[PDB]
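Trainee: The structure is given below, and queries will be raised subsequently.
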Amino acid sequence: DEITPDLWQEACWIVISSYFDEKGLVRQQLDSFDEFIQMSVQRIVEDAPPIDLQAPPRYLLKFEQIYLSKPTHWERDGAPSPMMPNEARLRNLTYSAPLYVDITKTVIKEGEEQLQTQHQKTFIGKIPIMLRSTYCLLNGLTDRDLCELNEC
Amino acid sequence: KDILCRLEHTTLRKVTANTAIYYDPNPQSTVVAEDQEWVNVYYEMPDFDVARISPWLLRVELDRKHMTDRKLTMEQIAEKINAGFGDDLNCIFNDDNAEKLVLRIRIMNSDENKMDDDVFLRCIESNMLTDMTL
Amino acid sequence: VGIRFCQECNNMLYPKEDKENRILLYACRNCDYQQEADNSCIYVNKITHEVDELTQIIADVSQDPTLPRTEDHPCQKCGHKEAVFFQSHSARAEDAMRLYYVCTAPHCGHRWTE
Amino acid sequence: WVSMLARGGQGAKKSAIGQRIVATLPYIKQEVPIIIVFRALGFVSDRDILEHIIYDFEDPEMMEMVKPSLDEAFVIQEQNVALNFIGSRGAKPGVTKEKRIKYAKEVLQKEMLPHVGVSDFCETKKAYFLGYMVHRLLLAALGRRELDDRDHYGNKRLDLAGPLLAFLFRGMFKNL
Amino acid sequence: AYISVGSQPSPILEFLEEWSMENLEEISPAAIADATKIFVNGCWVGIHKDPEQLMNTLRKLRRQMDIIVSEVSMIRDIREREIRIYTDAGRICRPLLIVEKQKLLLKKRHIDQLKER
Amino acid sequence: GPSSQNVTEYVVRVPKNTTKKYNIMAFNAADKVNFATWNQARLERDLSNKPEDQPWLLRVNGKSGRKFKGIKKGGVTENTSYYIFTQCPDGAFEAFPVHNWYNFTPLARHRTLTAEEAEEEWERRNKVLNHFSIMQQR
Amino acid sequence: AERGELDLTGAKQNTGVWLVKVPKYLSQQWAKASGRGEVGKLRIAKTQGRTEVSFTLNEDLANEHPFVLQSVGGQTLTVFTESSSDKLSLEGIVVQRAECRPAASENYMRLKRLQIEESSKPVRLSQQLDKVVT
Ligand SMILES: [Zn+2]
Ligand SMILES: [Zn+2]
């Protein structure tokens with residue numbers, strides 16, 4: 001109907017409560033990082049001009065799509081394993097996610113024949129991951145789950 | 001207050017309402033009737049300019065309030081302009097009774113008798129407004 | 001005071017006199033075009049430049065929610081009671097505290113100074 | 001940068017004309033008169049250039065403000081001449097005129113006002129925006145518009161992790 | 001306070017074209033005087049002859065989250081005859097309660113619904 | 001009379017393909033163009049670059065008449081369309097999409113200072129006197 | 001008579017044409033029909049002191065478009081065609097400018113929301129992998 005002044009003080013702090021229940025307090029950090037991973041990284045790869053080689057055969061390389069996996073750590077024996085943030089802190093690791101890109105390689109041999117091969121999910125490096133961001137392991141974990149991971 | 005005025009710098013720009021340049025080919029019917037009322041009096045028996053006169057005219061309107069504040073007189077301004085430029089320019093001003101204070105300026109007759117004749121008058125206008133000291 | 005461009009190459013026309021006719025003319029530099037001058041005034045310099053601020057005011061300012069509105073100054077044209085007032089806030093005036101009123105009635109952008 | 005020269009300089013010609021507007025384009029050592037930049041864009045006639053700077057010719061005060069700038073670039077009356085003039089000050093000296101004109105077009109095409117456009121058909125768009133910059137400068141000089149405040153946070157942006165990281169990633173991916 | 005993350009101005013530009021906004025490449029320079037310049041992310045896109053209706057429409061769309069996202073700034077400088085639209089990242093913003101006719105659009109029903117968040 | 005309450009209705013036709021493409025030619029209002037004087041008109045592609053990706057060049061009445069240079073519009077009407085309605089005896093309006101938009105600006109025909117010569121005038125940066133006399137020498 | 005010469009017969013006939021901007025859906029529907037022979041009817045109603053122009057979409061095509069006129073004094077628009085035979089011709093001179101606007105106020109935005117969604121369909125964004133690529 002309408003909020004009377006006798007109830008405004010409660011009403012306004014119900015509004016403020018819902019804002020923080022949703023946004024939190026580091027939303028600017030997490031939202032900015034999520035946009036960079038979700039959009040900027042893909043845009044930067046898409047905007048890159050295709051690599052043209054000519055020196056005769058002509059080779060073209062195009063980076064199609066970006067993939068990001070969970071923050072992973074590799075043991076000295078080569079076995080991958082998910083990297084918990086607490087393990088990174090204790091073992092002085094960098095909390096990073098492997099970055100993969102789809103690359104299409106088309107070669108023109110001047111014989112009027114075109115051969116196209118795609119190298120799906122080519123490893124191109126590791127991106128440090130902001131904690132509790134959409135691409136962090138802690139994302140979408142209930143408070144009980146976080147405690148099981150020795151995370152506050 | 002007399003000492004105050006004698007010290008505070010006063011250039012033409014301070015007491016000048018506006019400056020306009022007209023071609024003014026015929027001095028008699030100079031621009032409009034307002035100048036016609038008093039311009040003729042100077043031209044009924046004119047001196048030092050009957051020989052010739054520059055075509056271009058520089059008309060200066062002087063604010064009454066600013067002139068009164070500094071107690072400046074039109075004759076003094078004409079003498080000051082005459083002193084600064086000597087005979088290079090001819091200055092004609094109306095009487096103080098008229099509600100509008102005007103001061104027509106032209107260039108020497110001898111030159112009329114190389115840059116330009118309108119641009120140069122523009123240079124004098126800026127030169128008089130700022131550099132010239134009243 | 002006015003500004004003209006030659007009809008030939010649409011460049012700035014500058015004043016010039018002809019000795020033979022002793023009549024003001026406007027001549028284009030890069031064009032050689034000439035035109036008869038009708039204003040007779042090369043230029044006017046306004047030191048005081050007491051430009052009527054009412055001309056500079058835009059009637060759309062009545063739609064500004066942050067401007068104050070007064071019902072004590074009815075519009076002189078349409079008689080609408082509500083009007084919006086504000087100060088010039090224009091540089092080179094050297095002094096500005098007077099209020100400029102604009103009628104709030106739509107389609108009546110009347111502006112005045114008390 | 002589009003700048004209006006100060007009136008401090010004293011001269012019969014300088015004082016009479018007034019203050020002239022110059023443009024500091026990127027990759028150019030020295031200030032370029034504004035009207036030359038408009039000529040290099042493809043607008044030669046004074047009416048055309050003023051139509052992009054002054055949107056109301058009925059206003060005489062603003063018209064007199066650009067007159068000193070028109071006289072400064074009166075020598076240059078062709079687009080190619082204007083392009084050569086800008087190229088003469090280019091990042092690297094031009095061995096021949098053809099290289100100078102090509103270099104000047106390159107700077108204007110992409111290095112000047114890139115956000116307006118970076119294509120070869122964006123000259124009209126850049127002329128309007130560059131005229132808006134000159135128009136904005138005239139309003140400030142005429143006192144009709146207040147000078148902008150650097151401390152205003154409307155005129156500020158905060159670079160967070162994303163834009164920060166994206167800036168790094170563009171360089172690294174180019175290296176890759 | 002919230003810092004805008006940024007979004008593409010394409011949906012806003014397309015809507016402006018669909019709306020009665022004259023493109024900058026099609027108009028004559030004489031028409032710019034009366035009309036209001038439309039800036040999107042600092043790029044002068046065109047001019048509009050009915051700024052008041054356009055701003056109301058833009059505000060309505062952003063409030064309904066139809067074409068304009070929440071973090072998009074629509075500024076009308078009435079004196080300067082300019083409408084500036086901003087969509088880029090780094091803009092600091094804060095949530096404010098909307099008031100229409102000296103009345104908060106926030107009513108008791110919203111508070112009751114929030115109480116059972 | 002009938003004009004006070006006249007009502008007119010016409011059909012709209014959209015032919016699939018037309019042998020001739022439709023373009024838009026625009027001139028500045030201040031240019032004061034006059035089609036009556038257009039006894040002859042020649043439209044050819046410019047040669048400055050040295051085809052479809054280059055500006056146009058319009059010449060009217062040969063050298064004697066005004067010369068205009070056309071430039072393709074940078075903006076792309078991806079979310080907009082332009083059509084032309086032409087009156088026909090059948091009375092059914094016909095709409096033809098515009099292939100491109102071109103803006104034509106007049107070109108001056110007078111002795112223009114050469115780039116090499118403009119360098120000489122550059123020494124007179126601001127010491128230039130009697131701007132009128134500059135073109136007299138040329 | 002030359003290849004570069006432009007035909008001016010249309011201009012000499014004082015041919016008048018109208019320039020109208022239309023939305024994408026109206027053009028898309030016309031494109032969808034592929035030019036069957038009819039896409040709608042334009043209705044013009046003139047009163048004692050006002051004129052009303054509107055367009056009606058074909059009922060078959062769908063399975064009102066009021067027209068707002070604009071002043072032409074701001075520009076001189078003429079239409080020229082480039083025939084496939086390399087014979088440029090001037091169709092005529094634009095005599096009126098109009099704009100087409102939709103009738104729906106709010107429900108139209110739903111179509112735009114889908115259109116924006118369609119425009120953003122090919123906008124690729126990074127994907128998350130459950131397992132590290134091996
Ligand atoms: Zn000329
Ligand atoms: Zn009123």
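Each chain in the structure tokens gets a letter, A, B, ..., in the order shown, and its residues are numbered from 1; ligands are numbered from 1 in order too.
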At a cut-off of 6 Å and counting only C-alpha atoms and all ligand atoms, what residues surround ligand 1? Please answer as number ranges by chain.
Mentor: C: 6, 8-11, 28, 30-31, 33
Trainee: If we count only C-alpha atoms, which residues of chain G reach to within 10 Å of chain A? Please list them as a list in words.
Mentor: residues 123, 124, 125, 126, 127, 128, 129, 130, 131, 132, 133 and 134 of chain G
Trainee: Residues of the last selection are to be written out with C-alpha atoms, as a JSON list (two decimals), in the first residue's frame.
Mentor:
[["chain", "number", "residue", "atom", "x", "y", "z"],
["G", 123, "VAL", "CA", 28.47, -13.84, -29.41],
["G", 124, "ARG", "CA", 30.81, -16.57, -28.20],
["G", 125, "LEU", "CA", 31.93, -16.62, -24.58],
["G", 126, "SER", "CA", 34.37, -18.77, -22.63],
["G", 127, "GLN", "CA", 33.24, -22.22, -21.49],
["G", 128, "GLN", "CA", 34.09, -24.00, -18.24],
["G", 129, "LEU", "CA", 35.56, -27.51, -18.29],
["G", 130, "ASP", "CA", 34.81, -29.98, -15.51],
["G", 131, "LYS", "CA", 38.03, -31.93, -16.15],
["G", 132, "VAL", "CA", 41.49, -30.79, -17.22],
["G", 133, "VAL", "CA", 42.13, -31.61, -20.87],
["G", 134, "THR", "CA", 44.38, -34.65, -21.24]]
Trainee: Counting only C-alpha atoms, which residues of chain D come no farther than 12 Å from chain C, as a ChimeraX atom specification?
Mentor: /D:16,18,43-51,56-64,66-71,74-78,139-147
Trainee: Take the residues from that selection and write them out as a compact mmCIF listing (two decimals), in the first residue's frame, keeping N, CA, C and O atoms.
Mentor:
# COMPACT_ATOMS: atom_id res chain seq x y z
N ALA D 16 45.23 41.71 -33.14
CA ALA D 16 44.06 42.05 -33.93
C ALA D 16 43.21 40.81 -34.22
O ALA D 16 41.99 40.83 -34.02
N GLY D 18 43.17 37.81 -32.72
CA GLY D 18 42.67 37.18 -31.52
C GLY D 18 43.43 35.92 -31.16
O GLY D 18 44.66 35.86 -31.31
N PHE D 43 37.29 18.48 -45.88
CA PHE D 43 36.41 19.65 -45.80
C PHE D 43 37.27 20.88 -46.05
O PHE D 43 38.06 21.28 -45.19
N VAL D 44 37.12 21.47 -47.23
CA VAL D 44 37.98 22.56 -47.68
C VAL D 44 37.29 23.91 -47.52
O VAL D 44 37.83 24.83 -46.90
N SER D 45 36.09 24.05 -48.08
CA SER D 45 35.39 25.33 -48.03
C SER D 45 35.14 25.73 -46.58
O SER D 45 34.80 24.90 -45.74
N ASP D 46 35.32 27.02 -46.29
CA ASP D 46 35.15 27.51 -44.93
C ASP D 46 33.73 27.26 -44.43
O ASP D 46 33.52 26.97 -43.25
N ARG D 47 32.74 27.38 -45.32
CA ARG D 47 31.36 27.11 -44.91
C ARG D 47 31.21 25.68 -44.42
O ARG D 47 30.53 25.42 -43.42
N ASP D 48 31.83 24.72 -45.12
CA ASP D 48 31.72 23.33 -44.72
C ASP D 48 32.37 23.09 -43.36
O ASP D 48 31.80 22.42 -42.50
N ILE D 49 33.57 23.65 -43.15
CA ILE D 49 34.26 23.45 -41.88
C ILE D 49 33.47 24.09 -40.74
O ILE D 49 33.28 23.49 -39.68
N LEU D 50 33.01 25.32 -40.95
CA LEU D 50 32.25 26.01 -39.91
C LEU D 50 30.94 25.31 -39.61
O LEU D 50 30.42 25.42 -38.50
N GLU D 51 30.38 24.59 -40.59
CA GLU D 51 29.13 23.88 -40.35
C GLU D 51 29.33 22.74 -39.37
O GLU D 51 28.38 22.32 -38.70
N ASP D 56 25.04 27.12 -35.47
CA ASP D 56 24.11 28.24 -35.62
C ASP D 56 24.91 29.45 -36.09
O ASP D 56 25.53 30.14 -35.29
N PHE D 57 24.90 29.68 -37.41
CA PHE D 57 25.60 30.83 -37.97
C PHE D 57 24.99 32.15 -37.51
O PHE D 57 25.65 33.19 -37.60
N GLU D 58 23.75 32.13 -37.02
CA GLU D 58 23.12 33.36 -36.54
C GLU D 58 23.82 33.92 -35.31
O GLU D 58 23.57 35.07 -34.94
N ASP D 59 24.69 33.13 -34.67
CA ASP D 59 25.43 33.60 -33.51
C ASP D 59 26.73 34.24 -33.98
O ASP D 59 27.60 33.53 -34.50
N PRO D 60 26.91 35.55 -33.83
CA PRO D 60 28.12 36.19 -34.37
C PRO D 60 29.32 36.08 -33.44
O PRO D 60 30.47 36.10 -33.90
N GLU D 61 29.08 35.96 -32.14
CA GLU D 61 30.18 35.90 -31.19
C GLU D 61 31.05 34.67 -31.43
O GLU D 61 32.28 34.76 -31.40
N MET D 62 30.42 33.52 -31.67
CA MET D 62 31.19 32.31 -31.92
C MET D 62 31.88 32.36 -33.28
O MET D 62 32.99 31.82 -33.43
N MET D 63 31.26 33.00 -34.27
CA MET D 63 31.88 33.09 -35.59
C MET D 63 33.20 33.83 -35.53
O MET D 63 34.19 33.42 -36.15
N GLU D 64 33.24 34.94 -34.78
CA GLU D 64 34.48 35.71 -34.66
C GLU D 64 35.58 34.92 -33.96
O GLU D 64 36.76 35.24 -34.14
N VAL D 66 36.43 31.76 -34.45
CA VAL D 66 37.13 30.87 -35.38
C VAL D 66 37.83 31.62 -36.50
O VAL D 66 38.65 31.02 -37.21
N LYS D 67 37.53 32.90 -36.69
CA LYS D 67 38.17 33.66 -37.77
C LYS D 67 39.69 33.62 -37.68
O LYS D 67 40.34 33.35 -38.70
N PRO D 68 40.32 33.87 -36.53
CA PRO D 68 41.79 33.77 -36.47
C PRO D 68 42.31 32.40 -36.88
O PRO D 68 43.42 32.31 -37.42
N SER D 69 41.55 31.34 -36.62
CA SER D 69 41.99 30.01 -37.04
C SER D 69 41.91 29.84 -38.55
O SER D 69 42.76 29.19 -39.15
N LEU D 70 40.88 30.42 -39.18
CA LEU D 70 40.76 30.33 -40.63
C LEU D 70 41.93 31.01 -41.32
O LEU D 70 42.48 30.48 -42.29
N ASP D 71 42.34 32.18 -40.82
CA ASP D 71 43.45 32.89 -41.43
C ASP D 71 44.75 32.11 -41.29
O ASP D 71 45.61 32.17 -42.19
N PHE D 74 44.87 29.60 -44.06
CA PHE D 74 44.45 30.09 -45.36
C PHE D 74 45.36 29.59 -46.47
O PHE D 74 44.91 29.39 -47.61
N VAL D 75 46.65 29.37 -46.17
CA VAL D 75 47.58 28.90 -47.19
C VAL D 75 47.15 27.54 -47.71
O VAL D 75 47.14 27.29 -48.93
N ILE D 76 46.78 26.63 -46.81
CA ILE D 76 46.34 25.29 -47.20
C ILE D 76 44.88 25.38 -47.63
O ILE D 76 44.01 25.72 -46.83
N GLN D 77 44.62 25.08 -48.90
CA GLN D 77 43.27 25.13 -49.45
C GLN D 77 42.87 23.83 -50.14
O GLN D 77 41.84 23.79 -50.81
N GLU D 78 43.67 22.77 -49.99
CA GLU D 78 43.38 21.48 -50.59
C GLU D 78 43.58 20.38 -49.56
O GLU D 78 44.43 20.49 -48.67
N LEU D 139 32.79 27.36 -26.54
CA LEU D 139 31.86 27.66 -25.45
C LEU D 139 32.62 27.98 -24.17
O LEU D 139 32.26 28.90 -23.43
N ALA D 140 33.68 27.21 -23.88
CA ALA D 140 34.50 27.50 -22.71
C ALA D 140 35.16 28.87 -22.83
O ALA D 140 35.16 29.65 -21.87
N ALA D 141 35.73 29.18 -24.00
CA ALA D 141 36.36 30.48 -24.19
C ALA D 141 35.33 31.60 -24.12
O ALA D 141 35.58 32.65 -23.53
N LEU D 142 34.16 31.39 -24.73
CA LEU D 142 33.10 32.39 -24.68
C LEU D 142 32.46 32.50 -23.30
O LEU D 142 31.69 33.44 -23.07
N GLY D 143 32.74 31.57 -22.40
CA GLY D 143 32.14 31.58 -21.09
C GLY D 143 30.73 31.03 -21.03
O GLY D 143 30.09 31.12 -19.98
N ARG D 144 30.23 30.47 -22.13
CA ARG D 144 28.87 29.93 -22.15
C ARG D 144 28.76 28.58 -21.47
O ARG D 144 27.66 28.19 -21.08
N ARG D 145 29.86 27.85 -21.32
CA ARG D 145 29.87 26.55 -20.68
C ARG D 145 31.00 26.51 -19.66
O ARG D 145 32.12 26.94 -19.96
N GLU D 146 30.71 25.99 -18.47
CA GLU D 146 31.70 25.94 -17.41
C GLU D 146 32.80 24.94 -17.75
O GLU D 146 32.57 23.92 -18.40
N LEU D 147 34.01 25.25 -17.29
CA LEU D 147 35.14 24.34 -17.49
C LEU D 147 34.91 23.04 -16.73
O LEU D 147 34.33 23.03 -15.64
Trainee: Counting only C-alpha atoms and all ligand atoms, what are the residues, protein, DNA or RNA alike, that approach ligand 2 to within 6 Å? I want them as number ranges by chain.
Mentor: C: 75, 77-80, 103, 105, 108, 110
Trainee: For the interface of chain C with chain E (cut-off 9 Å, counting only C-alpha atoms), please tabulate each contacting residue of chain C alongside its nearest pair of atoms and their separation in Å to one decimal, rows sorted by chain and increasing number, as a Markdown table.
Mentor:
| residue | atom | partner | partner_atom | distance |
| --- | --- | --- | --- | --- |
| C:57 | CA | E:79 | CA | 7.7 |
| C:58 | CA | E:79 | CA | 6.3 |
| C:59 | CA | E:79 | CA | 8.9 |
| C:60 | CA | E:78 | CA | 6.4 |
| C:61 | CA | E:78 | CA | 5.9 |
| C:63 | CA | E:78 | CA | 7.9 |
| C:64 | CA | E:78 | CA | 7.1 |
Trainee: With a distance cut-off of 7 Å and only C-alpha atoms, select the neighbouring residues of stretch 103-113 of chain B, excluding the residue or stretch itself and same-chain residues fewer than 6 positions from it, and output the selection as JSON, numbers by chain.
Mentor: {"B": [49, 51, 52, 53, 54, 56, 57, 58, 59, 60, 61, 87, 88, 89, 90, 91, 92, 93, 94]}
Trainee: For the interface of stretch 1-99 of chain F with stretch 12-24 of chain G (cut-off 7 Å, counting only C-alpha atoms), please tabulate each contacting residue of stretch 1-99 of chain F alongside its nearest pair of atoms and their separation in Å to one decimal, rows sorted by chain and increasing number, as a tab-separated table.
Mentor:
residue	atom	partner	partner_atom	distance
F:79	CA	G:24	CA	5.9
F:80	CA	G:23	CA	5.7
F:81	CA	G:22	CA	5.7
F:82	CA	G:21	CA	4.8
F:83	CA	G:20	CA	5.6
F:84	CA	G:19	CA	5.1
F:85	CA	G:18	CA	5.1
F:86	CA	G:17	CA	5.0
Trainee: Apply DSSP to the backbone of this structure and, from chain E, keep only the residues in helix (DSSP H, G or I); write these as number ranges by chain.
Mentor: E: 10-18, 29-32, 51-64, 108-115
Trainee: Go ahead and save the picked residues with C-alpha atoms, as a PDB file, in the first residue's frame.
Mentor:
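And here's out_2.pdb as it stands now:
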ATOM      1  CA  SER E  10      24.819  -2.305 -29.604  1.00  0.00           C
ATOM      2  CA  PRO E  11      21.297  -2.862 -28.184  1.00  0.00           C
ATOM      3  CA  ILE E  12      21.074   0.817 -27.229  1.00  0.00           C
ATOM      4  CA  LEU E  13      22.296   2.014 -30.628  1.00  0.00           C
ATOM      5  CA  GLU E  14      19.851  -0.262 -32.445  1.00  0.00           C
ATOM      6  CA  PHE E  15      16.955   1.000 -30.328  1.00  0.00           C
ATOM      7  CA  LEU E  16      17.994   4.610 -30.942  1.00  0.00           C
ATOM      8  CA  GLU E  17      17.987   3.999 -34.698  1.00  0.00           C
ATOM      9  CA  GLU E  18      14.557   2.377 -34.427  1.00  0.00           C
ATOM     10  CA  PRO E  29      24.537  20.592 -40.212  1.00  0.00           C
ATOM     11  CA  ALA E  30      21.790  23.228 -40.001  1.00  0.00           C
ATOM     12  CA  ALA E  31      19.479  20.787 -38.193  1.00  0.00           C
ATOM     13  CA  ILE E  32      21.933  20.248 -35.320  1.00  0.00           C
ATOM     14  CA  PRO E  51      14.701  14.627 -26.029  1.00  0.00           C
ATOM     15  CA  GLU E  52      12.037  14.559 -23.305  1.00  0.00           C
ATOM     16  CA  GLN E  53      10.140  11.631 -24.825  1.00  0.00           C
ATOM     17  CA  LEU E  54      13.371   9.779 -25.602  1.00  0.00           C
ATOM     18  CA  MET E  55      14.629  10.105 -22.023  1.00  0.00           C
ATOM     19  CA  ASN E  56      11.302   8.905 -20.620  1.00  0.00           C
ATOM     20  CA  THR E  57      11.397   5.940 -22.999  1.00  0.00           C
ATOM     21  CA  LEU E  58      15.022   5.187 -22.126  1.00  0.00           C
ATOM     22  CA  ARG E  59      14.289   5.429 -18.398  1.00  0.00           C
ATOM     23  CA  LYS E  60      11.254   3.176 -18.800  1.00  0.00           C
ATOM     24  CA  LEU E  61      13.303   0.544 -20.633  1.00  0.00           C
ATOM     25  CA  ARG E  62      16.071   0.522 -18.024  1.00  0.00           C
ATOM     26  CA  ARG E  63      13.574   0.249 -15.168  1.00  0.00           C
ATOM     27  CA  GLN E  64      11.836  -2.637 -16.956  1.00  0.00           C
ATOM     28  CA  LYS E 108       4.441  -2.143   1.731  1.00  0.00           C
ATOM     29  CA  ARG E 109       3.997  -5.148  -0.566  1.00  0.00           C
ATOM     30  CA  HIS E 110       7.661  -4.986  -1.587  1.00  0.00           C
ATOM     31  CA  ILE E 111       8.738  -4.873   2.062  1.00  0.00           C
ATOM     32  CA  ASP E 112       6.458  -7.782   2.949  1.00  0.00           C
ATOM     33  CA  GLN E 113       7.825  -9.839   0.055  1.00  0.00           C
ATOM     34  CA  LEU E 114      11.391  -9.020   1.107  1.00  0.00           C
ATOM     35  CA  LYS E 115      10.630  -9.912   4.729  1.00  0.00           C
TER      36      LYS E 115
END
Trainee: Would you compute the distance between atom CA of residue E:90 and atom CA of residue D:163? Give it in Å to one decimal.
Mentor: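 Interatomic distance here is 8.6 Å.
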Trainee: Restricting the calculation to only C-alpha atoms: of D:172, D:166, D:4, D:17, which residue gets closest to chain B?
Mentor: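 Looking only at the distances to chain B, the closest residue turns out to be D:17.
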Trainee: Restrict the calculation to only C-alpha atoms, then for each residue of chain F with any atom at most 8 Å from an atom of chain G give the closest atom pair and their distance in Å to one decimal, rows by chain and rising residue number, as JSON lines.
Mentor:
{"residue": "F:3", "atom": "CA", "partner": "G:46", "partner_atom": "CA", "distance": 6.9}
{"residue": "F:4", "atom": "CA", "partner": "G:48", "partner_atom": "CA", "distance": 4.0}
{"residue": "F:5", "atom": "CA", "partner": "G:47", "partner_atom": "CA", "distance": 4.9}
{"residue": "F:6", "atom": "CA", "partner": "G:46", "partner_atom": "CA", "distance": 5.3}
{"residue": "F:7", "atom": "CA", "partner": "G:45", "partner_atom": "CA", "distance": 4.5}
{"residue": "F:8", "atom": "CA", "partner": "G:44", "partner_atom": "CA", "distance": 4.9}
{"residue": "F:9", "atom": "CA", "partner": "G:43", "partner_atom": "CA", "distance": 4.1}
{"residue": "F:10", "atom": "CA", "partner": "G:42", "partner_atom": "CA", "distance": 5.1}
{"residue": "F:11", "atom": "CA", "partner": "G:41", "partner_atom": "CA", "distance": 4.1}
{"residue": "F:12", "atom": "CA", "partner": "G:41", "partner_atom": "CA", "distance": 5.2}
{"residue": "F:13", "atom": "CA", "partner": "G:38", "partner_atom": "CA", "distance": 4.8}
{"residue": "F:14", "atom": "CA", "partner": "G:35", "partner_atom": "CA", "distance": 5.2}
{"residue": "F:15", "atom": "CA", "partner": "G:35", "partner_atom": "CA", "distance": 4.9}
{"residue": "F:16", "atom": "CA", "partner": "G:35", "partner_atom": "CA", "distance": 4.6}
{"residue": "F:19", "atom": "CA", "partner": "G:84", "partner_atom": "CA", "distance": 5.9}
{"residue": "F:20", "atom": "CA", "partner": "G:83", "partner_atom": "CA", "distance": 3.8}
{"residue": "F:21", "atom": "CA", "partner": "G:82", "partner_atom": "CA", "distance": 5.4}
{"residue": "F:22", "atom": "CA", "partner": "G:81", "partner_atom": "CA", "distance": 4.7}
{"residue": "F:23", "atom": "CA", "partner": "G:80", "partner_atom": "CA", "distance": 5.6}
{"residue": "F:24", "atom": "CA", "partner": "G:79", "partner_atom": "CA", "distance": 5.0}
{"residue": "F:25", "atom": "CA", "partner": "G:78", "partner_atom": "CA", "distance": 5.2}
{"residue": "F:26", "atom": "CA", "partner": "G:77", "partner_atom": "CA", "distance": 4.9}
{"residue": "F:27", "atom": "CA", "partner": "G:76", "partner_atom": "CA", "distance": 5.6}
{"residue": "F:28", "atom": "CA", "partner": "G:75", "partner_atom": "CA", "distance": 5.8}
{"residue": "F:29", "atom": "CA", "partner": "G:75", "partner_atom": "CA", "distance": 4.7}
{"residue": "F:35", "atom": "CA", "partner": "G:11", "partner_atom": "CA", "distance": 7.0}
{"residue": "F:36", "atom": "CA", "partner": "G:12", "partner_atom": "CA", "distance": 7.5}
{"residue": "F:38", "atom": "CA", "partner": "G:8", "partner_atom": "CA", "distance": 7.9}
{"residue": "F:40", "atom": "CA", "partner": "G:5", "partner_atom": "CA", "distance": 7.5}
{"residue": "F:41", "atom": "CA", "partner": "G:6", "partner_atom": "CA", "distance": 5.2}
{"residue": "F:42", "atom": "CA", "partner": "G:5", "partner_atom": "CA", "distance": 4.2}
{"residue": "F:43", "atom": "CA", "partner": "G:4", "partner_atom": "CA", "distance": 5.5}
{"residue": "F:44", "atom": "CA", "partner": "G:4", "partner_atom": "CA", "distance": 5.7}
{"residue": "F:79", "atom": "CA", "partner": "G:24", "partner_atom": "CA", "distance": 5.9}
{"residue": "F:80", "atom": "CA", "partner": "G:23", "partner_atom": "CA", "distance": 5.7}
{"residue": "F:81", "atom": "CA", "partner": "G:22", "partner_atom": "CA", "distance": 5.7}
{"residue": "F:82", "atom": "CA", "partner": "G:21", "partner_atom": "CA", "distance": 4.8}
{"residue": "F:83", "atom": "CA", "partner": "G:20", "partner_atom": "CA", "distance": 5.6}
{"residue": "F:84", "atom": "CA", "partner": "G:19", "partner_atom": "CA", "distance": 5.1}
{"residue": "F:85", "atom": "CA", "partner": "G:18", "partner_atom": "CA", "distance": 5.1}
{"residue": "F:86", "atom": "CA", "partner": "G:17", "partner_atom": "CA", "distance": 5.0}
{"residue": "F:87", "atom": "CA", "partner": "G:17", "partner_atom": "CA", "distance": 7.1}
{"residue": "F:93", "atom": "CA", "partner": "G:42", "partner_atom": "CA", "distance": 7.9}
Trainee: Any idea which chain D residues end up within 10 Å of chain E if we count only C-alpha atoms, as a ChimeraX atom specification please?
Mentor: /D:48,50-57,113,115-117,122,124-126,128-129,132,144-145,153-160,162-163
Trainee: Write out as an MDAnalysis selection string all residues of chain G that DSSP puts in strand (DSSP E) for this structure's backbone.
Mentor: chainID G and resid 16:22 40:46 51:57 65:70 75:83 88:100 127:129
